[PDB]
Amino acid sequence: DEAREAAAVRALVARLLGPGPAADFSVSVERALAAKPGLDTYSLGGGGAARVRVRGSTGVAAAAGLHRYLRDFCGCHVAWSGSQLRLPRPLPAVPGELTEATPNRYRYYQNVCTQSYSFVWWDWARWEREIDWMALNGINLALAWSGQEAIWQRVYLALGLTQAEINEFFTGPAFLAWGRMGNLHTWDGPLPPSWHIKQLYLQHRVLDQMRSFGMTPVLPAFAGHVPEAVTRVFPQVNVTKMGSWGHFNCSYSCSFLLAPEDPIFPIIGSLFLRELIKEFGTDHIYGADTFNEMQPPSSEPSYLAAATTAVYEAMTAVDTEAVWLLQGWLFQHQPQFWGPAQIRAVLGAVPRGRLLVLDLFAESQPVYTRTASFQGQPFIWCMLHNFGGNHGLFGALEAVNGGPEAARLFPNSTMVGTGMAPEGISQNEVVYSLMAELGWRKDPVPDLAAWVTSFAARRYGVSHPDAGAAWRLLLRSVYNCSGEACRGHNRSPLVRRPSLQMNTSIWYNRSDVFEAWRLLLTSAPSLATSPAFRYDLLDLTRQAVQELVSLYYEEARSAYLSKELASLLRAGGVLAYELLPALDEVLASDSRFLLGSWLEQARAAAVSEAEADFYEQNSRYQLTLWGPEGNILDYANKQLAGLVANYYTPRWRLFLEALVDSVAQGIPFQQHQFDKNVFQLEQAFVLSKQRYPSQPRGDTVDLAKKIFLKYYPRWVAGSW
């Protein structure tokens, strides 16, 4: 109720600022503050000689008001990487009563993938910080995906499956996103008993905390995928075996899909939802997806309607208030299958307003556009932005700034909210800061250059003219990809398998990055004490090294092709023996860029050495080979200390060496042979029991300065 929501926001203020400064805020929650039912509203008053009055129509609204006040009146900044929470004394006064309402019924957060790429090894402490970030960003709808395998285990045991069948079925922890969608099964499991104990524990705390703010946590439901062992206990079920996803064979993919009209369908679907709800309660919104990246066995509208009605009916068969949150990714991913009549069949099969669809990649491939606003079903306009959790400076900020407005103005628009659905978090914080803001604004931000200048100013605690100019440069270059082919996948040579056919082209002027780097480095004598400045300088230096690797690749390749041995040794030499080690070393100077920081999260999730080794191996697979044969090679690449020294660099050394051997003998370089040798090194990184440091070493500013002094003059002079 109102009181519990206000107490939740009061406790947020105390975690955020300390209990001392928290006493200067008067928080309340009052339903009547909203003019229109379900359009969240906050108001700010007071300050100066008086306490700061923050009122919300809900707990999330109040938290958004708090953020509004801290950002625009106090100059504060909150992000995944850290915060800048200096309060002026006295606290600034607000003129009269400032009251703002969102035009969005929902602000949504999380991809299904984010659960595996970023949240896998999170404990409660980390989730608690994330739910605060969510509340401050005004989020009222989000996935609560933890612990669902523990519920499926109860269901399957009750259906007569053996514990061994259940253990064989789930993937390892790092691959559960794809197990849950039916893309995968089995790969790199089993889930150990401690996993379920910890995830059930976690999920209860997540749900309690979300609900205390008045957030709506979305819960999973059955979408038709079942383990093969279901055909042992129910041997007359009608099932179709799906195709291979992600180049996995039938030991790991080729999922069994239960036919929509099989009598077992509502029985399994109902038993799962009932067990889920007994354990966790419900807020009446359920997520399910049958055909994410998997071609349905028929394009007949009548079949596709029945497959969709079967899932919705299983939900309403236990909860008559059910609303089904559906990912729209498939419509964009297999456009040749998903013609107008196929899409109309799914969208028409659930009553209007009971399908809430995520237009998941709306900043670049919106579907509302080509389906007359999902044939009248409500939708949430999502920015996807990031794939694989990849590091790399990227954004299409003009398209995100104008996107929600265009969706709202579209004829017969059924837009009911905005969302952020990155595959991984902990990158490109500027992009999420903007899209979160668009959650509450009526209009696009009018001047992006001034906005990014203020973003940097609040983040560093000072408006520096060089740092400001650096960010304006990044805004118009890396953060302004335009066109239909803008994807935030890092495909740079640094993170990919070396070859003679790598494409080094980009969507911006490379000089803008090197200038931005120079300008940000010039700011260091003022800003070096800001953890956020250190983070951004490191991220930008890292980007500059990524650019240099590409440029040195170009030189090495041209020299290979001309049989210029000395030039090839020189160019390939600085790439593999100087640039890459320099990168690893500078990354190693901050805890937020250590492979070892993430792997120690994995060890702390385990309860034994053996289990910890298993989780760490899971993590190393996920970042590199993905599957056992390099099935989705480098898709979840990252630029972390340890990973660059022991994975990216050995591949480049081997590649250079094979090129110089080729030029030195008579002999052409053969890709297929190098492909076999480099696979041994990639796999060795995965299977090694090497431990990686979780403590930083060296000074970030000093190391970045050395890289700049050495490589920047070579850039301006063209002399490699």
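Heads up: residue numbers just count along the shown sequence, starting at 1.
Averaged over Cα atoms, the B-factor as recorded in the entry is higher for 36-44 than for the other of 36-44 and 60-68. The PDB entry reports B-factors from which the mean C-alpha value can be compared for 680-688 and 666-674; the larger average falls on 666-674. Per the deposited coordinates, the residue with the largest Cα temperature factor out of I131, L276, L500, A610 is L500. Across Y117, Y560, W187, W145, the greatest Cα temperature factor reported in the deposited entry is at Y560. Split the chain's modelled residues into thirds by C-alpha temperature factor. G75 is in the highest one.
Ranked against the other modelled residues of its chain, the C-alpha B-factor of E547 as given in the entry falls in the middle third.
Compared with the other modelled residues of the chain, the Cα B-factor recorded for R344 ranks in the highest third. Sort the modelled residues of the chain by CA B factor and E149 lands in the lowest third. The PDB entry assigns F387 a C-alpha temperature factor belonging to the lowest third of its chain's modelled residues.
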